[PDB]
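For reference, the structure is listed below as structure tokens.
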Amino acid sequence: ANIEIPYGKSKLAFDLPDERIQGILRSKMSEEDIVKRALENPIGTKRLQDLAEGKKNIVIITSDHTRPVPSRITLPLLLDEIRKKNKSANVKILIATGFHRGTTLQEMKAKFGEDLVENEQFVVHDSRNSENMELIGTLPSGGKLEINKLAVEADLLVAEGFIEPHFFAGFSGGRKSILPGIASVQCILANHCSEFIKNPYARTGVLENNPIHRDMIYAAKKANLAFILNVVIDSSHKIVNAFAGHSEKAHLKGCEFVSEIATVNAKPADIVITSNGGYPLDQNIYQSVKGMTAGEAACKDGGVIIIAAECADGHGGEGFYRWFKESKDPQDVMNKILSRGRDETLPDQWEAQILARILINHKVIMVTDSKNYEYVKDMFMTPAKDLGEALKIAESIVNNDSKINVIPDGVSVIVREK
Amino acid sequence: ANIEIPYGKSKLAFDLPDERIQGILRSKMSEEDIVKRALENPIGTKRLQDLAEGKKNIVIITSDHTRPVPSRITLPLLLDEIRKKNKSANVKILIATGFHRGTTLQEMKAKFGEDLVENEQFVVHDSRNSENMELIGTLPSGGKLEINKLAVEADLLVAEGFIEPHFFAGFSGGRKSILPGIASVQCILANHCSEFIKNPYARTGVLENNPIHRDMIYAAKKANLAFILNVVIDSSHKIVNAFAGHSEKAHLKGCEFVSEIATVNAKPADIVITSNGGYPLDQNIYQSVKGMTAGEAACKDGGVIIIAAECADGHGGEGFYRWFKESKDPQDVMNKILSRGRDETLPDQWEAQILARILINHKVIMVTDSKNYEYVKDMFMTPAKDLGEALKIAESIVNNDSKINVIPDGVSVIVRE
Ligand SMILES: [Mg+2]
């Protein structure tokens, strides 16, 4: 088969003989009309126009400059819907930065457009400003819950977002607008604790019994998140579907849709070849752990996962990197991280924990920019210059006849064992 | 003797013997606290917090990128005042661009700062968007009056701005926030018509019988402009005084103060030396006309006005330039302009008109950038390199013994007889 594997700003072309292939596992109206249909057909609530009637302090939570939410399309339609029975509504748009540094004005202009940034009230969440946080409750796990005060003070709290798989929260969107999106840095870090990450339900496309998700769901309830609009978007960031209404029920209908498109069924193989979805999704090693998890799920214990990830920006986190650089082997990394309690979670630790989980049971070979070979070696992986060399290395480790699972885009799929 | 004349980013030095000098004619506690004092002591109205109580939709008109209103100081205090007895007021800030192109986001950041631009609702007036203009009346002069719908629709309409001399409206501020600030393009052009601009009361520091002013006051009344805050700023753009309240009474009080500071008495001389006040006020010839009018007031008929103005950006308007380049002499420009009726004002016409008025009865020498010389000659004026040069040319035209009035900053003064 001539397989095209996303890589940086290109694709890699690889001729892999069909006899070597287990399976090649791939994921399966105007944009504005898709959005209006959702809004006009809310799942589990009244229409937003009805919810917003007579309210005097509305807050819409939106995603930040780092997320692909097509807000130039979605925000005007939400604002119009809000105003249909409340022309003089006060509406604040609160940017859910989570842990991140604040969105800059240039970034706001790029995301939302100049007129919208000017004409409406945008406020940037700062997870590090305690004065603007309010304790609102205690979570199922026992942790405190602190969120942005503006959200708490709102007469009606709304959020927008998008839905795609996520390698430990199951999916993006819905409740994530609250935790982590507008939560305190401490609450965010606690929501990534080693105990949570180790749970067997903290996996791609898994929500039920997922304790990370359980805390988020409770956070959203306690925040009185009353309505969401979540989109599903293609590679190009074009809206292809949309779900609106109850913050849980509408999110689930969207996740059900995404599960149907993204789920692939794998017979585990001795070798898996995958990628991290090309640039910008493959910009660093940190991000490439996501594609590796799709690998892990399609690989036999002790097998080899080959991942193509350009990683133009290097390792993607000093702390992430240092966990490996400073330890004996992946089991050492895991043991260190698991020794960390719920209030001791440090930035990057969860990404290291997941990569250690992979590397304890599997070898990983990274096809990556030569700038990164030493990093890859330092992280108990093996660099390769191209897919041909990667396959020769894998074959040395297993056999030169092993059937191979090919997952051309590792970050877009939910791998289910067949 | 030692005079310093603003020119671009700095000040020219030049040494002038006092036998030749008629007169040197110049103008005369925290900024936050000054604004707060004005708001706490409104002129001819209750406090803005009282006026805003119970009003759901509120609009504050603020000046555009061309005006140095210190809005980083003034807007938060206005917003605070409006919200005192009305925490859920829906407040829009409408930028009064008048005839100008719209303010860019970068310019909004510079003027208002990032947080304020984000956190509040800022709307840019577009005089050319007719669907967004509403007919609200007919002026004292007979013209239609159409202004931005957001303002007409407000429960309370408020404006901020600043008070300084203005070469044809008398003073800036107050009513000017409405017409031209948020008026239709057609109305703006009508308000600068040849018949208004020719009027002998359409002049610096004159409001009484000024027909331009008359139309603007009528427009602010029709628009229900309910409260203003207008500051007075020194040369640094520091707030030195402030006046709030009734849109006419508070403005008049502020204009009387500016009159006290800015008025200079000149005995007409054969030569005047002046400037357009330096960067950013002397960036093009269009703007320099403003300072030439102070020269005009201080100069005998037939005399010589020398004005220092860098004019880095050149003429300041293709429209304005073409008036002169497509005409025989200043009188011919004037004849074409005064042929045009109230509805036929072309873009930049009024600036050309005023310059032609000057050039009909005075010779103007511009000390300006060498790249501007052809433009200066095409516009029936004489370019010069530095003042020493200018003076030599001006003595060639009049006497070698002729008296000089010096007006170091031609845009900050009101020249009285
Ligand atoms: Mg804004």
Side-chain angles (χ1 to χ4, degrees), chain A residues 52-62 64-65 71-72 75-76 79 82-83 85-97 101-126 129 131-132 148-151 153-156, chain B residues 52-62 64-65 71-72 75-76 79 82-83 85-97 101-126 129 132 148-156:
Chain A
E53 191 172 24
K55 300 292 204 265
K56 75 196 178 186
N57 179 25
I58 307 176
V59 170
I60 304 170
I61 300 171
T62 196
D64 74 3
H65 60 296
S71 303
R72 292 158 177 280
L75 284 174
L79 293 161
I82 286 160
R83 288 173 170 140
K85 296 179 163 174
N86 192 354
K87 291 290 167 158
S88 302
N90 297 118
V91 186
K92 276 186 203 197
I93 300 164
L94 180 48
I95 304 296
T97 52
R101 53 128 187 112
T103 305
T104 193
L105 182 59
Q106 114 222 304
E107 282 166 350
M108 282 172 60
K109 179 197 153 71
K111 194 84 177 125
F112 305 108
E114 179 152 331
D115 291 349
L116 202 48
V117 168
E118 296 171 358
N119 291 352
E120 300 295 344
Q121 296 187 279
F122 279 86
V123 178
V124 178
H125 176 61
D126 178 8
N129 189 5
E131 188 192 335
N132 199 39
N148 200 293
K149 225 163 47 178
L150 196 71
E153 295 167 358
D155 263 4
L156 180 71
Chain B
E53 188 171 23
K55 313 279 196 298
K56 186 36 162 218
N57 294 296
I58 299 175
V59 175
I60 303 168
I61 305 170
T62 189
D64 80 0
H65 47 281
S71 309
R72 277 165 190 269
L75 276 177
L79 293 169
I82 287 156
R83 284 166 176 156
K85 295 186 178 170
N86 191 358
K87 271 1 165 138
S88 288
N90 192 323
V91 195
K92 295 186 185 247
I93 302 143
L94 179 62
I95 307 304
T97 57
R101 59 114 178 124
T103 307
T104 61
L105 183 54
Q106 267 346 272
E107 282 172 341
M108 294 201 91
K109 171 163 181 213
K111 171 68 82 58
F112 304 112
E114 189 155 302
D115 294 332
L116 198 51
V117 171
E118 291 175 3
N119 295 351
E120 302 292 352
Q121 299 168 262
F122 276 87
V123 177
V124 184
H125 169 75
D126 179 359
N129 189 342
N132 198 48
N148 194 300
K149 282 177 175 169
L150 190 64
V152 181
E153 292 168 3
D155 295 318
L156 185 75

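No hydrogens, no waters, no symmetry mates; every other heavy atom, side chains included, goes into these values. By convention in this document, chain letters (A, B, ...) are assigned in the order of the sequence lines, proteins followed by strands, and residues within each chain are numbered from 1.
Checked against side-chain contact (heavy atoms from CB on, under 4.5 Å), B/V123 has the following partners two or more places apart in sequence or in another chain: A/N119, B/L94, B/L150. Considering only residues two or more places apart in sequence or on other chains, A/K56 meets the side chain to side chain donor-acceptor pair (under 3.5 Å) condition with none of them. Here A/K149 pairs with nothing under the side chain to side chain donor-acceptor pair (under 3.5 Å) rule; sequence neighbours left out.
In this structure, CD on A/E118 lies 11.0 Å from CD on B/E118, to the nearest 0.5 angstrom. Remark: B/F122 CZ to A/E120 CD distance equals 13.5 Å, nearest 0.5 Å.
Between A/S88 and B/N90, the side chains place no donor N or O within less than 3.5 Å of an acceptor N or O (distance only, hydrogens not considered).
Within the 4.5 angstrom heavy-atom criterion, no atom of A/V91 approaches chain B.
Inspection of non-hydrogen atoms places A/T104, A/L105, A/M108, A/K109 of residues 104-112 of chain A under 4.5 Å from chain B.
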